[PDB]
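Quick heads-up: it's one chain on its own, the form deposited in one PDB entry, in structure tokens.
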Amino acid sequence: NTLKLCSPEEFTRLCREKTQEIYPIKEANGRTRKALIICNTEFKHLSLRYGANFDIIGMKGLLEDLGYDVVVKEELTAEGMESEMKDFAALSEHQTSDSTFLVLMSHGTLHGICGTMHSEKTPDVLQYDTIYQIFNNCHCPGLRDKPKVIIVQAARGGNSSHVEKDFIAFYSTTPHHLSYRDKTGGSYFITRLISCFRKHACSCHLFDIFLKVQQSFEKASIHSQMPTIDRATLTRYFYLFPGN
């Protein structure tokens, strides 16, 4: 419904009692949190992703209610996705932010996300691996020691050096499986993620929220779809303290 807010009190208490178990938060005055959504709907050779727009609008609304200014880029090739993420990684405003969310929504393969021109004769895939190199500590100084949260809405095979740390990835389903949409076309993963954030971001850290999303797919099955936490290297709890 609406994003529920953390009291200033509960904010200040947790930042004081658990200072070394929590990611530090910037107060909103000079804060410039940034978030990126990449979504491909139409494809040169692959089925249309009807309803993807509902997921964009829902997740842009969630991120804004959590204090992020949201960049949305749509219908990209793999090369274009690479280019936008590098431009996004280099943005001044990460210096005055405490975190980021990367939301990727397209057709997917086992190890990558598809661009608009992808086909098995004309492969146009961005490896998920490449995301980690673009945003790591070496190549994105603005987000060092800050949580980089990746949300991936995609099928996962159903299309018929220096330190890496402070990442978490939340995939809509498990490897080799598909993700499903309701009769209006909205993704179940996105719909339940949004409502779970809106109820619990005020009092739960990120990993606890992800887990409640996964519990809902056990309590209310959707075929074999099970959101998956992947390649997680967070070193502290990530509280959002909405409203602060």
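We number the residues from 1 along the sequence you see. Residues that one form lacks are left out of the comparison. Rigid core here is just the name for the largest C-alpha set that superposes within 1.5 Å across the two forms.
Same protein, other form: the form deposited in another entry, not shown, and the subject of what follows.
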*Among 192, 49, 33, 181, which is the residue that shifts its C-alpha 2 Å or more between the shown form and the other one, core superposed?*
181
*How does the C-alpha distance between residue 230 and residue 179 change in the other entry compared with the present structure, closer or farther, given a change of 3 angstroms or more?*
farther
*Relative to what is shown, are the Cα atoms of residue 176 and residue 197 closer or farther apart in the other entry, where the gap shifts by 3 Å or more?*
closer
*Fitted on the core, where are the consecutive stretches (at least 3 residues) whose C-alpha atoms all shift 2 Å or more between the shown form and the other one?*
173-185
